[PDB]
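> Here you go, one structure.
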Amino acid sequence: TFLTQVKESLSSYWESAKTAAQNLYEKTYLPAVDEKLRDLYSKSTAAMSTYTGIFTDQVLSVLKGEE
């Protein structure tokens, strides 16, 4: 109800973060991946994510199995 309105706003900035994600993600966050996506993480949760290999597996399962 009242949350639906904000949902239009709180989401108006959630759709952008994705619009400018696949863009930079293409360069493997080079600008600071070696000093952030490898140094500011220290495999803290990089190996736990691996989304890089599930980005399509998580969606490919949606076609059947909602996995």
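Simple scheme: letters A, B, ... for chains in structure tokens order, numbers from 1 for residues in each chain, numbers from 1 for ligands in the order shown.
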Mind checking which residues fall within 12 Å of range 47-58 of chain A, counting only C-alpha atoms, ignoring those fewer than 4 positions away in the same chain, and posting them as a short mmCIF file (atom, residue, chain, number, x, y, z; two decimals) with N, CA, C and O atoms, in the first residue's frame?

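Wrote it out as out25.cif, contents follow:
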```cif
data_model
loop_
_atom_site.label_atom_id
_atom_site.label_comp_id
_atom_site.auth_asym_id
_atom_site.auth_seq_id
_atom_site.Cartn_x
_atom_site.Cartn_y
_atom_site.Cartn_z
N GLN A 22 26.70 -4.32 -15.30
CA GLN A 22 27.17 -5.13 -16.42
C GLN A 22 28.18 -4.35 -17.26
O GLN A 22 28.98 -4.94 -17.99
N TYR A 25 31.40 -4.35 -14.93
CA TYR A 25 31.68 -5.77 -14.74
C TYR A 25 32.37 -6.36 -15.96
O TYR A 25 33.04 -7.39 -15.87
N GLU A 26 32.20 -5.71 -17.10
CA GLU A 26 32.81 -6.18 -18.35
C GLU A 26 34.33 -6.04 -18.29
O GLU A 26 35.05 -6.85 -18.87
N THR A 28 36.01 -6.34 -15.60
CA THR A 28 36.43 -7.03 -14.38
C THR A 28 36.85 -6.04 -13.30
O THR A 28 37.84 -6.26 -12.59
N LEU A 37 38.76 -5.97 -5.39
CA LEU A 37 38.15 -7.27 -5.66
C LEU A 37 39.23 -8.35 -5.66
O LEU A 37 39.24 -9.24 -6.51
N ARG A 38 40.15 -8.24 -4.70
CA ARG A 38 41.25 -9.19 -4.57
C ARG A 38 42.14 -8.83 -3.39
O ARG A 38 42.81 -9.70 -2.83
N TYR A 41 39.31 -7.90 -0.01
CA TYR A 41 38.43 -9.01 0.29
C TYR A 41 39.21 -10.18 0.87
O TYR A 41 38.81 -10.78 1.87
N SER A 42 40.34 -10.49 0.24
CA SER A 42 41.20 -11.59 0.69
C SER A 42 40.42 -12.90 0.75
O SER A 42 40.48 -13.62 1.75
N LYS A 43 39.70 -13.20 -0.32
CA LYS A 43 38.91 -14.42 -0.38
C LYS A 43 37.95 -14.52 0.80
O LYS A 43 37.49 -15.61 1.15
N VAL A 62 15.87 -21.25 -12.83
CA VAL A 62 14.56 -20.62 -12.70
C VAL A 62 13.59 -21.17 -13.74
O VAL A 62 12.39 -21.27 -13.49
N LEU A 63 14.12 -21.55 -14.90
CA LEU A 63 13.31 -22.10 -15.97
C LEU A 63 12.55 -23.33 -15.48
O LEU A 63 11.51 -23.70 -16.03
N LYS A 64 13.07 -23.97 -14.43
CA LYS A 64 12.45 -25.15 -13.86
C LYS A 64 13.19 -25.60 -12.61
O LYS A 64 14.35 -26.02 -12.68
N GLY A 65 12.52 -25.50 -11.47
CA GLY A 65 13.13 -25.89 -10.21
C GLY A 65 13.34 -24.70 -9.30
O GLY A 65 13.73 -24.86 -8.14
N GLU A 66 13.07 -23.50 -9.82
CA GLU A 66 13.22 -22.27 -9.05
C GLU A 66 14.53 -22.26 -8.26
O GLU A 66 14.62 -21.68 -7.18
N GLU A 67 15.54 -22.92 -8.82
CA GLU A 67 16.85 -22.99 -8.17
C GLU A 67 17.80 -21.94 -8.74
O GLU A 67 17.33 -21.10 -9.54
#
```
> Got a sec to tell me which of chain A DSSP assigns to alpha helix (DSSP H), as a ChimeraX atom specification?
/A:2-10,16-19,21-24,30-33,46-49,51-54,57-60
> What does the structure give for the distance between CA of residue 36 in chain A and CA of residue 16 in chain A, in Å to one decimal?
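If I compute the distance from CA of residue 36 in chain A to CA of residue 16 in chain A, I get 21.7 Å.
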